[PDB]
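Undergrad: Sharing upload-v1.cif (mmCIF, N, CA, C and O atoms and all ligand atoms) below.
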```cif
data_data
#
loop_
_atom_site.label_atom_id
_atom_site.label_comp_id
_atom_site.auth_asym_id
_atom_site.auth_seq_id
_atom_site.Cartn_x
_atom_site.Cartn_y
_atom_site.Cartn_z
N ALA R 1 -20.26 -8.26 10.63
CA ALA R 1 -18.99 -8.29 11.38
C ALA R 1 -18.31 -7.12 10.79
O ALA R 1 -18.33 -6.94 9.57
N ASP R 2 -17.71 -6.32 11.67
CA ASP R 2 -17.17 -5.02 11.31
C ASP R 2 -15.73 -5.12 10.85
O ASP R 2 -14.86 -5.58 11.59
N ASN R 3 -15.48 -4.64 9.63
CA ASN R 3 -14.20 -4.82 8.97
C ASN R 3 -13.50 -3.51 8.77
O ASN R 3 -12.83 -3.33 7.76
N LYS R 4 -13.67 -2.59 9.71
CA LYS R 4 -12.94 -1.33 9.64
C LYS R 4 -11.47 -1.52 9.97
O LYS R 4 -11.09 -2.25 10.88
N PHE R 5 -10.64 -0.86 9.19
CA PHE R 5 -9.20 -0.98 9.31
C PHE R 5 -8.77 -0.49 10.68
O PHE R 5 -9.26 0.53 11.16
N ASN R 6 -7.83 -1.19 11.30
CA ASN R 6 -7.19 -0.63 12.48
C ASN R 6 -6.13 0.38 12.02
O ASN R 6 -5.94 0.56 10.82
N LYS R 7 -5.48 1.07 12.95
CA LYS R 7 -4.63 2.18 12.55
C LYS R 7 -3.44 1.73 11.73
O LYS R 7 -2.96 2.46 10.91
N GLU R 8 -2.94 0.54 12.02
CA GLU R 8 -1.79 0.00 11.32
C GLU R 8 -2.15 -0.27 9.86
O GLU R 8 -1.40 0.03 8.95
N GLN R 9 -3.33 -0.84 9.64
CA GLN R 9 -3.82 -1.13 8.30
C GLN R 9 -4.19 0.13 7.53
O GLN R 9 -3.87 0.26 6.36
N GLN R 10 -4.87 1.07 8.18
CA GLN R 10 -5.22 2.32 7.54
C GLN R 10 -3.97 3.07 7.10
O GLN R 10 -3.91 3.61 6.00
N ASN R 11 -2.97 3.13 7.97
CA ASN R 11 -1.77 3.86 7.62
C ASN R 11 -1.10 3.24 6.42
O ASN R 11 -0.56 3.94 5.60
N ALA R 12 -1.14 1.93 6.32
CA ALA R 12 -0.53 1.28 5.18
C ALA R 12 -1.27 1.60 3.88
O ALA R 12 -0.67 1.88 2.84
N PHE R 13 -2.59 1.52 3.94
CA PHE R 13 -3.45 1.78 2.81
C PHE R 13 -3.22 3.18 2.26
O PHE R 13 -3.00 3.36 1.08
N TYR R 14 -3.28 4.18 3.13
CA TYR R 14 -3.07 5.55 2.67
C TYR R 14 -1.66 5.79 2.16
O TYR R 14 -1.46 6.52 1.20
N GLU R 15 -0.66 5.15 2.77
CA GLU R 15 0.69 5.38 2.30
C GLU R 15 0.82 4.85 0.87
O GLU R 15 1.41 5.47 0.01
N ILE R 16 0.22 3.69 0.59
CA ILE R 16 0.29 3.11 -0.77
C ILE R 16 -0.47 3.95 -1.79
O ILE R 16 0.00 4.14 -2.91
N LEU R 17 -1.64 4.47 -1.40
CA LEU R 17 -2.36 5.39 -2.28
C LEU R 17 -1.52 6.58 -2.68
O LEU R 17 -1.68 7.09 -3.79
N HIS R 18 -0.65 7.04 -1.78
CA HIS R 18 0.03 8.31 -1.95
C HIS R 18 1.51 8.24 -2.26
O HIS R 18 2.15 9.28 -2.37
N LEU R 19 2.08 7.05 -2.37
CA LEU R 19 3.49 6.96 -2.74
C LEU R 19 3.65 7.55 -4.12
O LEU R 19 2.92 7.20 -5.04
N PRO R 20 4.61 8.46 -4.29
CA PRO R 20 4.66 9.24 -5.52
C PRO R 20 5.16 8.53 -6.76
O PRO R 20 4.82 8.97 -7.86
N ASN R 21 5.96 7.49 -6.62
CA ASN R 21 6.68 6.93 -7.77
C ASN R 21 6.24 5.53 -8.13
O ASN R 21 7.04 4.75 -8.59
N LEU R 22 4.97 5.21 -7.93
CA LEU R 22 4.39 3.97 -8.45
C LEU R 22 3.60 4.33 -9.70
O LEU R 22 3.03 5.41 -9.80
N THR R 23 3.59 3.40 -10.65
CA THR R 23 2.63 3.46 -11.74
C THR R 23 1.26 3.05 -11.23
O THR R 23 1.13 2.47 -10.16
N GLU R 24 0.23 3.36 -11.99
CA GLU R 24 -1.11 2.98 -11.59
C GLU R 24 -1.22 1.49 -11.43
O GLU R 24 -1.79 1.00 -10.46
N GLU R 25 -0.65 0.75 -12.37
CA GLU R 25 -0.72 -0.70 -12.32
C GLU R 25 -0.07 -1.23 -11.06
O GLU R 25 -0.61 -2.13 -10.40
N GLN R 26 1.11 -0.72 -10.74
CA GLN R 26 1.80 -1.14 -9.51
C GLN R 26 0.96 -0.84 -8.28
O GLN R 26 0.78 -1.68 -7.38
N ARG R 27 0.47 0.39 -8.19
CA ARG R 27 -0.29 0.82 -7.03
C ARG R 27 -1.54 -0.04 -6.87
O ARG R 27 -1.87 -0.49 -5.79
N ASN R 28 -2.27 -0.24 -7.96
CA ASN R 28 -3.49 -1.00 -7.85
C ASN R 28 -3.26 -2.44 -7.44
O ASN R 28 -4.07 -3.00 -6.74
N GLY R 29 -2.17 -3.04 -7.86
CA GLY R 29 -1.84 -4.39 -7.41
C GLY R 29 -1.64 -4.47 -5.90
O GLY R 29 -2.12 -5.40 -5.26
N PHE R 30 -0.93 -3.51 -5.33
CA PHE R 30 -0.71 -3.49 -3.91
C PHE R 30 -2.00 -3.24 -3.16
O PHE R 30 -2.26 -3.91 -2.17
N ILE R 31 -2.85 -2.31 -3.64
CA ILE R 31 -4.10 -2.05 -2.97
C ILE R 31 -5.01 -3.27 -3.03
O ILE R 31 -5.71 -3.58 -2.06
N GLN R 32 -5.02 -3.98 -4.16
CA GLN R 32 -5.87 -5.16 -4.28
C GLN R 32 -5.44 -6.22 -3.26
O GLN R 32 -6.27 -6.90 -2.67
N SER R 33 -4.14 -6.37 -3.06
CA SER R 33 -3.63 -7.32 -2.06
C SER R 33 -4.16 -7.03 -0.65
O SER R 33 -4.69 -7.92 0.03
N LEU R 34 -4.04 -5.77 -0.22
CA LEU R 34 -4.56 -5.38 1.08
C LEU R 34 -6.05 -5.66 1.22
O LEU R 34 -6.48 -6.12 2.27
N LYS R 35 -7.03 -5.22 -0.09
CA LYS R 35 -8.47 -5.37 -0.08
C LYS R 35 -8.82 -6.83 0.17
O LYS R 35 -9.87 -7.14 0.73
N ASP R 36 -7.93 -7.73 -0.25
CA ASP R 36 -8.19 -9.15 -0.12
C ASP R 36 -7.86 -9.70 1.26
O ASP R 36 -8.65 -10.42 1.85
N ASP R 37 -6.68 -9.37 1.78
CA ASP R 37 -6.34 -9.79 3.13
C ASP R 37 -5.57 -8.67 3.84
O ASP R 37 -4.35 -8.58 3.70
N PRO R 38 -6.25 -7.85 4.62
CA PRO R 38 -5.56 -6.73 5.26
C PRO R 38 -4.51 -7.12 6.27
O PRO R 38 -3.72 -6.29 6.70
N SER R 39 -4.45 -8.40 6.63
CA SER R 39 -3.45 -8.81 7.63
C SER R 39 -2.06 -8.84 7.03
O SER R 39 -1.10 -8.92 7.77
N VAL R 40 -1.94 -8.72 5.71
CA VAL R 40 -0.62 -8.71 5.08
C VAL R 40 -0.09 -7.29 4.86
O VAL R 40 0.90 -7.11 4.18
N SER R 41 -0.73 -6.30 5.47
CA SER R 41 -0.43 -4.92 5.17
C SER R 41 1.04 -4.56 5.35
O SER R 41 1.58 -3.84 4.52
N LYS R 42 1.69 -5.04 6.41
CA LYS R 42 3.05 -4.63 6.72
C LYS R 42 4.03 -5.14 5.67
O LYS R 42 5.01 -4.47 5.36
N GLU R 43 3.76 -6.32 5.13
CA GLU R 43 4.64 -6.90 4.13
C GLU R 43 4.43 -6.20 2.80
O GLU R 43 5.37 -5.92 2.08
N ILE R 44 3.18 -5.94 2.47
CA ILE R 44 2.85 -5.28 1.22
C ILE R 44 3.38 -3.85 1.24
O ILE R 44 3.96 -3.39 0.25
N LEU R 45 3.22 -3.16 2.34
CA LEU R 45 3.75 -1.83 2.44
C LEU R 45 5.26 -1.81 2.21
O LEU R 45 5.78 -0.92 1.57
N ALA R 46 5.98 -2.77 2.78
CA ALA R 46 7.42 -2.78 2.63
C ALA R 46 7.82 -2.98 1.18
O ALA R 46 8.78 -2.37 0.70
N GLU R 47 7.13 -3.84 0.46
CA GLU R 47 7.37 -4.00 -0.97
C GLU R 47 7.11 -2.73 -1.75
O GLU R 47 7.93 -2.34 -2.59
N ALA R 48 5.99 -2.09 -1.49
CA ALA R 48 5.62 -0.86 -2.18
C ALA R 48 6.65 0.25 -1.96
O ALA R 48 7.00 0.98 -2.89
N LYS R 49 7.11 0.38 -0.76
CA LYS R 49 8.12 1.39 -0.46
C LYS R 49 9.45 1.14 -1.18
O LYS R 49 10.01 2.03 -1.65
N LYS R 50 9.86 -0.10 -1.30
CA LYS R 50 11.08 -0.41 -2.01
C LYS R 50 10.96 -0.08 -3.47
O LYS R 50 11.85 0.45 -4.05
N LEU R 51 9.83 -0.35 -4.07
CA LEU R 51 9.61 -0.09 -5.45
C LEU R 51 9.50 1.42 -5.66
O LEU R 51 10.02 1.91 -6.58
N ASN R 52 8.80 2.09 -4.77
CA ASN R 52 8.74 3.54 -4.85
C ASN R 52 10.12 4.21 -4.84
O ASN R 52 10.39 5.10 -5.66
N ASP R 53 11.00 3.76 -3.95
CA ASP R 53 12.33 4.33 -3.82
C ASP R 53 13.20 3.99 -5.02
O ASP R 53 14.05 4.78 -5.41
N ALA R 54 12.99 2.82 -5.60
CA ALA R 54 13.80 2.41 -6.75
C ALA R 54 13.46 3.24 -7.98
O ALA R 54 14.28 3.38 -8.87
N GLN R 55 12.23 3.78 -8.03
CA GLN R 55 11.75 4.52 -9.19
C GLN R 55 11.70 6.02 -8.98
O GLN R 55 11.08 6.74 -9.76
N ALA R 56 12.39 6.50 -7.96
CA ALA R 56 12.40 7.93 -7.68
C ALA R 56 13.12 8.69 -8.79
O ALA R 56 14.11 8.20 -9.35
N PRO R 57 12.64 9.90 -9.10
CA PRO R 57 13.32 10.69 -10.13
C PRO R 57 14.71 11.06 -9.70
O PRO R 57 14.95 11.25 -8.51
N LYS R 58 15.60 11.17 -10.66
CA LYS R 58 16.93 11.71 -10.39
C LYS R 58 17.26 12.76 -11.41
O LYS R 58 16.58 12.87 -12.41
ZN ZN D 101 19.02 14.65 -12.48
#
```
Turn the structure described in the file into C-alpha cells.

TA:
Amino acid sequence: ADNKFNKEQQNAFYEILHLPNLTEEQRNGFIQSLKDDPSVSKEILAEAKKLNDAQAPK
C-alpha cells in the first residue's frame, strides 16, 4: 500500500526540516510525530512554527 506523502504532508515535512530556529531535539520530535501519523501534519506544523518564531534571534 503506497504511503507517499500528498502535497499537504510533504510541504509540512520540508517546512519542519528547514525551520531555522529549532534545536535538533525539537525538530526531531516534530518529524517523528509526522513519521508516525502523517494525518496530524497540519497541527504539528502549527506547533513547530510557533516555537520557531518564539526562538528567533533578536
Ligand atoms: Zn539585537

Undergrad: Find the smallest box with edges along x, y and z containing every listed atom of stretch 43-55 of chain R, then add 4 Å on each side and report centre and edge lengths in Å to one decimal, as JSON.

TA:
```
{"center_x": 8.6, "center_y": -0.1, "center_z": -2.3, "size_x": 19.4, "size_y": 21.6, "size_z": 22.9}
```

Undergrad: Would you mind listing what lies within 12 Å of residue R:45 as a PyMOL selection string, with only C-alpha atoms counted and same-chain residues fewer than 4 positions away left out?

TA: chain R and resi 8-19+27+29-31+33-34+38-41+49-52

Undergrad: Please, which residues have at least one atom within 12 Å of an atom of ligand ZN 101 (chain D), using only C-alpha atoms and all ligand atoms, listed as a PyMOL selection string?

TA: chain R and resi 56-58

Undergrad: Give me, please, the distance in Å between atom CA of residue R:25 and atom CA of residue R:54, quoted to one decimal.

TA: 15.9 Å

Undergrad: Using the chain letters and numbers from this document, which residues of chain R does DSSP assign to helix (DSSP H, G or I), as a PyMOL selection string?

TA: chain R and resi 7-18+24-36+38-54
